[PDB]
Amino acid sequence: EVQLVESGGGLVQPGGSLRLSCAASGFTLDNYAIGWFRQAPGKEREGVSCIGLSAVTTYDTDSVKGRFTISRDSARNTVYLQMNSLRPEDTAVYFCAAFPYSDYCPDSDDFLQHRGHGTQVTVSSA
């Protein structure tokens, strides 16, 4: 029933910023943590930002701390990822996922039940 749809990705110049959105079209969204994750070719899944059901924010990937910020608009049932100073190493499919009755997001070795299709972010100069 929990449905998540991302938006806001694409081709972006190195150094620039991008804001991703995660639109939640299930309900009782206030009782879920929402995490942003990414998957780059040949790498493990990284949880890059998380906001828990209590609104606490956590950042499980050191290489994006200070550049990424997660926020929740409860009225809109949307979670935003603000990415800054983007690097070639940030190129990945970015996807959001929902975790019922959680304040935190799983580590890479945990399975992931409710997630969106994902949105490509490619950091390069065309």
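All residue numbers refer to positions in the sequence shown, first residue = 1.
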*Pick between 23-31 and 56-64: the one whose mean CA B-factor in the entry is higher.*
23-31
*Between 93-101 and 37-45, name whichever shows the higher mean Cα B factor according to the PDB entry.*
37-45
*Entry-reported Cα temperature factor of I70, expressed as the chain third it lands in*: lowest
*Third of the chain, ranked by Cα B-factor, where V123 sits*: lowest
_CA B-factor ranking of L112, expressed as a third of its chain_ = highest
